[PDB]
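1. output the structure for:
(chains A, B, C, D and E, ligands or ions: 2)
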Amino acid sequence: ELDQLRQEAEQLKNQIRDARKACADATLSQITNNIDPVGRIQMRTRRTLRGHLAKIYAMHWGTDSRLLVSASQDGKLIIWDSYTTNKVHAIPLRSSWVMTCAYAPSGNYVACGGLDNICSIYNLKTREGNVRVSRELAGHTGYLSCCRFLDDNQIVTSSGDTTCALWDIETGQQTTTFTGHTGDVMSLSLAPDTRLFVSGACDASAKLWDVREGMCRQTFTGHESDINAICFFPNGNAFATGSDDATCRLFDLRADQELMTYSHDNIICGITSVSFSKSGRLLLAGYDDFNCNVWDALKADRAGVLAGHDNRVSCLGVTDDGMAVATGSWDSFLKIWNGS
Amino acid sequence: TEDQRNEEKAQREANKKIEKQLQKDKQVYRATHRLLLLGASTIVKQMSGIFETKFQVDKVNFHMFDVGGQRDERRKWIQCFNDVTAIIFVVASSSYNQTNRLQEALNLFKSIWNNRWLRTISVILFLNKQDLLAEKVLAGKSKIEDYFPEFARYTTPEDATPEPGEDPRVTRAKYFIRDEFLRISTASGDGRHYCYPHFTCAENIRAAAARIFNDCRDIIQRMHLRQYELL
Amino acid sequence: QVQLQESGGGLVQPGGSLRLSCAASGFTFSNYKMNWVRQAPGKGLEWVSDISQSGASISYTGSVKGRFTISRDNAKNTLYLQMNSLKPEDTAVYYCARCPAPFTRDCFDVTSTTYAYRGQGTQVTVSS
Amino acid sequence: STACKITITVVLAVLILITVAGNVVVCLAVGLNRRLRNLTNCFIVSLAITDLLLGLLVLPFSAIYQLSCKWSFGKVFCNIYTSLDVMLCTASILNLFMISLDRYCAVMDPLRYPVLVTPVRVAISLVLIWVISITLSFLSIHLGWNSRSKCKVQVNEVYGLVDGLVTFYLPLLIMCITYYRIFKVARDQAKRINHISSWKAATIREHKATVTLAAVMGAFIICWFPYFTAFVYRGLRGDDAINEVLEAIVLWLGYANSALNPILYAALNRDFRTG
Amino acid sequence: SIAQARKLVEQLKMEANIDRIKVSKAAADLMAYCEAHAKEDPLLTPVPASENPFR
Ligand SMILES: CC(C)CCC[C@@H](C)[C@H]1CC[C@H]2[C@@H]3CC=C4C[C@@H](O)CC[C@]4(C)[C@H]3CC[C@]12C
Ligand SMILES: NCCc1c[nH]cn1
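-> Residues are numbered from 1 along each chain as shown, chains lettered A, B, ... in the order given. Ligands and ions are numbered 1, 2, ... in the order given. The structure is reproduced below:
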């Protein structure tokens, strides 16, 4: 009985491969060789935020492009003002190990999570003047690796037990669970219109999900090892992934295959962060050799290097108006970079 | 424009208060030692997804973190423990003729030793359950001989310190296991970390704490001596 | 797509010999350590043997030492195991396993809960 | 004989160049990087700064006086010169003592170390050192507490004995005890690494502690013992009881320690070499 | 075993029947988008010092 099902699966895989091959008329590197290269992108360090005690492990920007939030491994969640370097808030957590944080688009709530299998939601209005714990969401059976806000009353979480979940905050229940992976899930990205999202796991695969219904629609596989980061293109028709084989890749949704691979022979280290610019021309990647690289998304050639850190680079972010880039590393320092 | 001056004053006040609080927390952070307890529930009493235990010996504070709420894929969270003082490793031994457990213990230790982000962390080794070895060696069938064929050509070291009232076979088996564990760690390290082995029985209310204390003292003493070119 | 396949198996009389071959597709074969794993009826997974990128670091388990041999060919992308002088306690299902990341010295690849990079295995039986 | 003048000029020039070069290299290396800024490297920076000031603002006048053999700059400047020399030398010696005590605390009480060395205590220590130095130099020379052409420091009985037993001898004894204990512990530890594996080689076990401590406690003694012994003898017996050649030799042996301080306290540390 | 195989077969069957478009059209769409918004990328065409909030 098992053999028949295996043969059917093999036939279906052959069908998928043949259909994918049928549409590969040309390549991105042939009809994109009549465009002027951007040149050399040289950036300078404008600020430097100090005050953490251990390795910064995650970072997220705000919608006003002025306030930011940082999570440290000693049990601190700090809210910073970037123009003036002042600290606005500091919150201590119950459990020291934290692996993610978020910042609501409205500006009122913050979210935190880590190795305790619980997502904590904190309130920032605080008419009495004290930042207190507003909600605790429990129900996963593995450590929590990412969390993003949909509105002030919904949230999406990724766990290391091969599952994703959607939560309503007032009641504290799981409306829908997305299952179907084979290893730990590491990152997730939300579309601009908030009706789909992508997931990337430790089995060299990525998946696309629809929030309202609750089933998978496409599965993408071109990588050789684990995937650690993922991010959409600005128009919601493509995304880019970084992995542990020293190679980034770009996938498109209406064609259902890969378009371009970024890699070089001098690099033998993994990738921990990816992000696009505002217009979708530059691609920023963070590596384990202590510096970040700036690639040209339409030519696959290196364009610049940001080298200012003394340890492993963990988190990378780009604002909404595209006026600065923030980097955070294991040396307990945040840096803001800008051009001139 | 008095509003701008008032806003600047308020921001400076909040900044000063927050910085004072962080300066007060820094000392408490730096006057504590973190330890990771790993196996391959009874020991934790001798000293939720993750369990935290706090104790104090000779006016020194010790953390302990037990991770039993996770799965058996370890390659991703083991990386978040690269700044601990020691790793406490607990193994279970046996000598009764279904699955080779010593082999998987050895393989996991070998993987931990050579990992890139854990190349500067020492290991404290507890060879738990020595009573089962004594119980199973009297059966006349040697499981150690069944799984390890190099046990026959083994002689007890000259510096043995057996306990009074032990069959020589039990001691020879124990020292065989200890030598197996030391042979892995004396082939990779350049001088940045070591390994400290111990025996117990299947009762460490006032025993585990003292040994952990002494081992941590040794670790930090060597760390400081090596920086001045004295070791 | 990472894909691994195993071939060679069946029933042999005690004291016989047999050969197992493992074919790979989807990755650069010569950057990864590779190893052989085995599962017996009614037990858990256990590690049999392992071999490195070039062929200068070969390691076996205790019970099969002196009877089994490991080898790899990087031009044809294949891994071989040679089984000699079998005993009845060797009847099992054999799997070909790959270590998760390139250019490393460590592996974490005996996990039962559906480790990604290994195949479906072959059946070996020894009896009268 | 002009050859002697050429030789003396060459050796004095090379000595001053070495001193200034070493001190400025240490200062620039500390300043440029940020991984080497910590609470246990303030003492080395203080040592480097004091040595640089002495090498840049005191030595050339001594060289000119030695070669020309006549002081031709007045009488107030001579007093300022003497006071400055005394202050800088005393500060340097006391900084060495502080480094010794810090290493002892680090090695002997390793679990309670971060609650025993705080910036408040470092600041108190440095302030006390500089107060004692400024007192003993300036408030003593001008008020005529040491008084009984030429420009040399004057010595009587009480000042000689007090300065000798407060600046050199007690630190020497304390440092000797401290490093003896450290050396014992170092060999005790080194005996135990080589007896865990009975199938391979060992460490050096003799060129590590014995050489590194011998260098440190030999440079100090050779460079500074003769000068203070001659100081006390000159004070207790008279100025006409000493020879000029011996006095010049002991003075320059004393000055030469600032050239070796950076090499000893900044090239054997592993943090400085790595960064 | 049986349930997982059936689920995988159903998922592959569902993923088999979708519409697809040629690669060159996707490339042209990305080119057009990256050429339309070229004048609003401060990290690509830097702005002068009189409009930079960070200096
Ligand atoms: C290792 C080095 C620093 C030791 C010091 C060597 C130099 C500086 C010392 C050693 C011998 C000393 C000389 C010994 C003899 C005399 C003759 C005397 O009428 C003038 C001083 C003079 C000329 C001394 C000058 C300084 C001197 C040359
Ligand atoms: N140049 C050393 C002079 C001195 C210092 N202290 C006493 N005498």
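
2. so what's whatever residue of chain C ends up closest to chain A up against?
-> Nearest to chain A in chain C, going by CB to the nearest CB, is residue C:116, at a distance of 4.2 Å. All C-beta atoms are positioned from the backbone trio N, CA, C, and that covers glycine. By CB atoms under 8 Å, 6 or more residues apart in numbering or on different chains, the contact set of residue C:116 is A:182, A:183, A:202, A:203, A:204, C:2.

3. what's the closest non-adjacent residue to it?
-> residue A:203 (4.2 Å; CB to CB, 6 or more residues apart in numbering or on different chains).

4. name the element the closest residue to chain C within chain A belongs to?
-> Going by CB to the nearest CB, chain C is nearest to residue A:203 of chain A, at 4.2 Å. Assigned by DSSP states H and E, residue A:203 falls within no helix or strand.

5. show me what contacts it?
-> Shown in contact with residue A:203 (CB under 8 Å, 6+ apart): A:181, A:182, A:183, A:226, C:116.

6. wait, the fourth one sits on residue A:202?
-> Yes: the pair residue A:226 and residue A:202 passes the contact test of CB atoms under 8 Å, sitting 4.3 Å apart.

7. and the gap between whatever residue of chain C ends up closest to ligand 2 and chain B?
-> Residue nearest to ligand 2 within chain C (CB to the nearest ligand atom): residue C:105, separated by 58.0 Å. Look at residue C:105 and chain B: by CB to the nearest CB, to the nearest Å, they are 4 Å apart.

8. now the closest residue to residue D:217 other than its chain neighbours, what's its secondary structure?
-> Computed as CB to CB, 6+ apart, the closest residue to residue D:217 that is not its neighbour in sequence is residue D:179, at 6.2 Å. Of the three states, residue D:179 takes helix under DSSP: H, G, I helix; E, B strand; the rest coil.

9. list the contacts for residue D:179?
-> D:100, D:213, D:216, D:217 are the contacts of residue D:179 under CB under 8 Å, 6+ apart.

10. buried subset of those, written for PyMOL?
-> Remark: buried members of these, expressed as a PyMOL selection using 16 or more other CB atoms under 10 Å in any protein chain shown:
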select buried, chain D and resi 100+213+216+217
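
11. could you count how many residues lie near residue E:1?
-> By other CB atoms under 10 Å in any protein chain shown, the residues close to residue E:1 number 8.

12. chain neighbours aside, what residue packs nearest to it?
-> Spatial nearest neighbour of residue E:1, chain neighbours left out: residue A:2 (6.6 Å); criterion: CB to CB, 6+ apart.

13. shouldn't residue D:15 be in contact with residue D:256?
-> Yes: if you go by CB under 8 Å, residue D:15 and residue D:256 touch, sitting 7.0 Å apart.

14. quick revisit: part of a strand, is the residue of chain C closest to chain A?
-> No: judged by three-state DSSP, residue C:116 forms no part of a strand; its state is coil.

15. how far away is it from ligand 1?
-> Distance check for residue C:116 against ligand 1: by CB to the nearest ligand atom, to the nearest Å, it reads 69 Å.

16. separation between that residue and residue A:225?
-> 10 Å (CB to CB, to the nearest Å).

17. shared neighbours, the two?
-> By CB under 8 Å, 6+ apart, residue C:116 and residue A:225 have these common neighbours: residue A:204.

18. taking chain E, what residue is nearest to ligand 1?
-> Closest point on chain E to ligand 1, by CB to the nearest ligand atom, is residue E:55, at 52.4 Å.

19. one step back: with respect to ligand 2, which of the contacts of residue C:116 is nearest?
-> Nearest to ligand 2 among the contacts of residue C:116, with distances taken as CB to the nearest ligand atom, is residue A:202, at 68.5 Å.

20. next, the closest one: phi, psi?
-> Here is the backbone geometry of residue A:202 (degrees, to the nearest 10): phi -90, psi 50.

21. do you know how far it is from chain E?
-> Counting by CB to the nearest CB, the gap from residue A:202 to chain E is 19 Å.

22. tell me who's in contact with that residue.
-> A:183, A:184, A:185, A:186, A:226, A:227, B:73, B:76, C:116 are the contacts of residue A:202 under CB under 8 Å, 6+ apart.

23. does the closest residue to chain C within chain E fall in a helix, a strand, or a coil region?
-> Using CB to the nearest CB, the single residue of chain E nearest to chain C is residue E:4, 9.4 Å away. Here residue E:4 is helix, with the state taken from three-state DSSP.

24. one step back: PyMOL command to pick out the buried ones of the contacts of residue A:202?
-> This is how PyMOL selects the buried members of those, with burial counted by 16+ other CB under 10 Å:
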select buried, (chain A and resi 183+184+185+186+226+227) or (chain B and resi 73+76) or (chain C and resi 116)
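
25. which of the contacts of residue A:202 lies closest to ligand 2?
-> Closest to ligand 2 out of the contacts of residue A:202 is residue B:76 (62.6 Å), distances taken as CB to the nearest ligand atom.

26. quick one: residue A:48 is in a strand?
-> Yes: Residue A:48: assigned to a strand according to three-state DSSP.

27. so which helix or strand takes in the spatially closest residue to it that is not a sequence neighbour?
-> Sequence neighbours aside, residue A:335 is the residue nearest to residue A:48 in space, at 5.7 Å (criterion: CB to CB, 6+ apart). Secondary structure assignment for residue A:335, by DSSP H and E: strand A:334-338.

28. chain center to that strand, what's the gap?
-> Relative to the centre of its chain, strand A:334-338 is centred 19 Å away, using CA atoms, centre = their mean, to the nearest Å.

29. what are the pairing partners of that strand, and which direction each?
-> Applying DSSP bridges, strand A:334-338 is found paired with strand A:44-49 (antiparallel), strand A:325-329 (antiparallel).

30. of all those strands, which one comes closest to residue D:122?
-> Among those, the nearest to residue D:122 by CB to CB is strand A:44-49 (25.2 Å).

31. C-terminal to that closest one, what's the next element?
-> Next along from strand A:44-49, by DSSP H and E: strand A:56-61.

32. for the following helix or strand past that following strand, packing partners?
-> Sequence order places strand A:67-72 as the next helix or strand after strand A:56-61, per DSSP H and E. Applying 3 or more CB pairs under 8 Å, 6 or more residues apart in numbering or on different chains; DSSP states H and E, one finds that strand A:67-72 contacts strand A:56-61, strand A:76-81, strand A:98-103.

33. for the second one, buried residues please.
-> What that stands for is strand A:76-81. Going by neighbour count (16+ other CB under 10 Å), the buried part of strand A:76-81 is A:76, A:77, A:78, A:79, A:80.
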